[PDB]
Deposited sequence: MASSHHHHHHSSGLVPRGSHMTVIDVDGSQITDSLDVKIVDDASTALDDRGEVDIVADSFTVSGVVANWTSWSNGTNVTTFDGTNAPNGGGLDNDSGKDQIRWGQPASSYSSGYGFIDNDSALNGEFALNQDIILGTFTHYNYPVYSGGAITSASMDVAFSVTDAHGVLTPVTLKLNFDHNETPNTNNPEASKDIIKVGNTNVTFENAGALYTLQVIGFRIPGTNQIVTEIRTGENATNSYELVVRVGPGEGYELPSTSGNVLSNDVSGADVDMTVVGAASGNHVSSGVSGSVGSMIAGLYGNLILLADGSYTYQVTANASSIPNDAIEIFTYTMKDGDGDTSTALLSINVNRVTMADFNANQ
């Protein structure tokens, strides 16, 4: 038997949108006490400043010791330089969780924020697009247990589909992210008398929903035997033919650009997860698999996937 080398290809839209500054406006909330929506100020609990007149600040509660609890959003306009790249992590702004002790029952249990902006096309027409951001709030009872007296926020994976040159695109929230780290969380825990700042990661791609680039196929389809059945018994990132490979069949196998899952029957899916700034202009992702015929004979081959960069004009 002989496992022959495999070839596949996945395309990643690597273009960019011309975008206006983004404007945050807290629009709805349920069950708060003295809820204030306001533009940001250098006041002690004002959440700092930004370049718009929108109400990117919301507070609630009757301070029991000093300030009101609340939710901050400070756009990342100065850094985005009027551009929303596709297939790329995008800080839409920094969310702060102002967590202060307030008289019980005075916090909101929900709140929605709208982020609005224009999208210019080749002909200059501005197509206004708005993204809803939904938040579940848990202003917990304060006790001598500091961790159980923490407030939990939850952010939803909302999206907005918009048209650009007779083509659909979808902006989608990924979640929070400790600035500097990479972990993306959809829920935050903040201590009483403490603030919590996180980057709001979002990602825009082609289509009606946001889906990471992906490709599929079967490595055993070209392998040779008989009829003698074949089974993948090992897969690994890289070229490891000399050794051949054992294990990690049906495991998530990380490459340079994305992840692979190879099933025992040859079925694989590969998802480009990487930012496209990290995808070289002639990129190829290499995996090694090892197949086995019924007689028990091993055999190692390669699985090479081109990761192609395309423009929005291409498909």
Report summary line: Expected output for missing-CA ranges on the deposited sequence is 1 to 43, 270, 360 to 363
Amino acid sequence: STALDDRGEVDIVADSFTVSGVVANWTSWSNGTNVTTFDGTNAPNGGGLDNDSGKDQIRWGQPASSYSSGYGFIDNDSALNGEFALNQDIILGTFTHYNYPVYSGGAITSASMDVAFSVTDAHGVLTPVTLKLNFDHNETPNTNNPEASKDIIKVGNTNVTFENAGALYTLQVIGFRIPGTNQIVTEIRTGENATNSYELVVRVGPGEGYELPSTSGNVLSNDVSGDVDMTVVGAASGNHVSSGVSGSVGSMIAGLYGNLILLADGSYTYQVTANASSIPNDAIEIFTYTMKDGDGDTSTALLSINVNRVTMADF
From here on, numbers count along this sequence of modelled residues.
Requested in this report: Check the entry's C-alpha temperature factors for 115 to 123 and 224 to 232, then say which stretch has the higher mean.
Outcome: 224 to 232
Query raised in the report: Per the PDB record, is the mean Cα temperature factor higher over 267 to 275 or over 51 to 59?
Result: 267 to 275
Query raised in the report: Highest Cα B-factor in the PDB entry belongs to which of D151, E187, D89, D75?
Result: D151
Report summary line: Top Cα B-factor in this entry, restricted to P280, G46, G255, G247, sits on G255
Report summary line: Split the chain's modelled residues into thirds by Cα B-factor; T18 lands in the highest
**Report entry** Ranked C-alpha temperature factor of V155 among modelled chain residues, by third
**Finding:** middle
Report summary line: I305: C-alpha B-factor third of its chain, per the entry, is the middle
Report summary line: By the entry's values, the third containing the CA B factor of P206 is the middle
Query raised in the report: Lowest, middle or highest third: where is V10 by C-alpha B factor in its chain?
Result: highest
